[PDB]
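Since the structure comes first, as structure tokens, the remarks are kept for the end.
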Amino acid sequence: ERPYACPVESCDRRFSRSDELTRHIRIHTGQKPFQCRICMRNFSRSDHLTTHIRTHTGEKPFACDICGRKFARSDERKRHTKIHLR
DNA sequence: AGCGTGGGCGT
DNA sequence: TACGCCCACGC
Ligand SMILES: [Zn+2]
Ligand SMILES: [Zn+2]
Ligand SMILES: [Zn+2]
């Protein structure tokens, strides 16, 4: 499977979904359609723009279950929680 | 630590 | 196709 192959020369990436290839090809086109209004930096992806903006606002939605420490991203919290192991 | 950013995916 | 999650890697 993975019928959607990248057609850029030296690239061998292949994908299961059409939209995956369309997203991937932005690495080659350099297209960064999503701009931060605060610092004007451009981003390849809407979801990464959203987490980037928390760097300006200080928004930290994700609290550790053990100690309550807050993080901008779920994966930051995930990396953190395991420090509480023995 | 703080966070850029691609892949896989559900919707 | 978009939107926005988790996941993972990288610095
Ligand atoms: Zn490619
Ligand atoms: Zn910004
Ligand atoms: Zn904690």
Side-chain angles (χ1 to χ4, degrees), chain A residues 2-9 11 14-86:
Chain A
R2 300 176 159 205
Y4 301 96
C6 184
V8 173
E9 301 81 18
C11 192
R14 335 189 78 251
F15 306 89
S16 301
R17 270 163 54 168
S18 194
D19 56 306
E20 279 192 285
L21 175 57
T22 296
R23 181 174 66 181
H24 160 77
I25 213 174
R26 295 181 179 122
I27 298 168
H28 303 295
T29 62
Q31 191 199 7
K32 288 183 180 193
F34 307 98
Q35 189 169 75
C36 179
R37 312 154 55 108
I38 298 168
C39 72
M40 300 307 159
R41 182 173 183 161
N42 300 301
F43 295 86
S44 60
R45 287 175 41 169
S46 67
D47 53 314
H48 296 332
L49 168 59
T50 298
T51 58
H52 164 78
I53 292 162
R54 303 188 180 139
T55 71
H56 301 304
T57 63
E59 189 190 10
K60 291 182 183 184
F62 304 98
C64 175
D65 285 335
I66 302 293
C67 75
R69 180 167 183 171
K70 303 176 175 170
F71 297 89
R73 305 202 318 228
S74 65
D75 61 296
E76 283 177 87
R77 173 176 67 187
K78 179 183 284 189
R79 182 176 75 173
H80 165 85
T81 302
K82 64 173 141 172
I83 76 173
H84 298 299
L85 298 183
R86 68 137 178 196

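Residue numbers begin at 1 in each chain, while the letters A, B, ... track the order of the sequences. Below, all heavy atoms of this structure are taken into account, side chains as well, without hydrogens, waters or symmetry copies.
- Here C:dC6 counts as south. Its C1'-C2'-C3'-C4' torsion is negative.
- Between A:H48 and B:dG6, a side-chain N or O to OP1/OP2 separation shorter than 4.0 Å is absent.
- Regarding contacts with the backbone of B:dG2, every side-chain N or O of A:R54 stays at 4.0 angstrom or more from both OP1 and OP2.
- One N or O donor and one acceptor, one from the side chain of A:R45 and one from the base of B:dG7, sit under 3.5 Å apart.
- A distance-only check finds a donor-acceptor pair linking the side chain of A:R77 to the backbone of A:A63 [under 3.5 Å].
- Neither OP1 nor OP2 of C:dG4 sits under 4.0 Å from any side-chain N or O of A:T50.
- Scanning atom types as modelled, one donor and one acceptor separated by under 3.5 angstrom connect the side chain of A:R23 and the base of B:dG8.
- Counting atom types as modelled, A:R79 pairs a side-chain N or O with a base atom of B:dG2 as donor and acceptor under 3.5 Å.
- Between the side chain of A:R17 and the base of B:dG10 there is at least one donor-acceptor pair of N/O atoms closer than 3.5 Å.
- The side chain of A:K78 places an N or O atom within less than 4.0 Å of a non-bridging phosphate oxygen (OP1 or OP2) of C:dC7.
- The main-chain N or O of A:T51 is never found under 3.5 Å from a side-chain atom of A:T55 such that the two would form a donor-acceptor pair.
- To the nearest 0.5 Å, atom CZ of residue A:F15 and atom CD1 of residue A:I25 are 9.5 Å apart.
- At a cut-off of 3.5 angstrom, the base of B:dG4 holds no donor-acceptor pair with the side chain of A:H52.
- When the side-chain nitrogen and oxygen atoms of A:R41 are compared with OP1 and OP2 of B:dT5, one or more of them lie within a distance under 4.0 Å.
- Within the 3.5 Å criterion, the main-chain N or O of A:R2 finds a donor-acceptor partner in the side chain of A:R14.
- Residue side chain A:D47 reaches the base of C:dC5 through a donor-acceptor N/O pair under 3.5 Å, judged by distance alone.
- At the phosphate of B:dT5, neither OP1 nor OP2 sits under 4.0 Å from any side-chain N or O atom of A:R73.
- Taking 4.0 angstrom as the limit, A:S74 places a side-chain polar atom (N or O) nearer than this to OP1 or OP2 of C:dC6.
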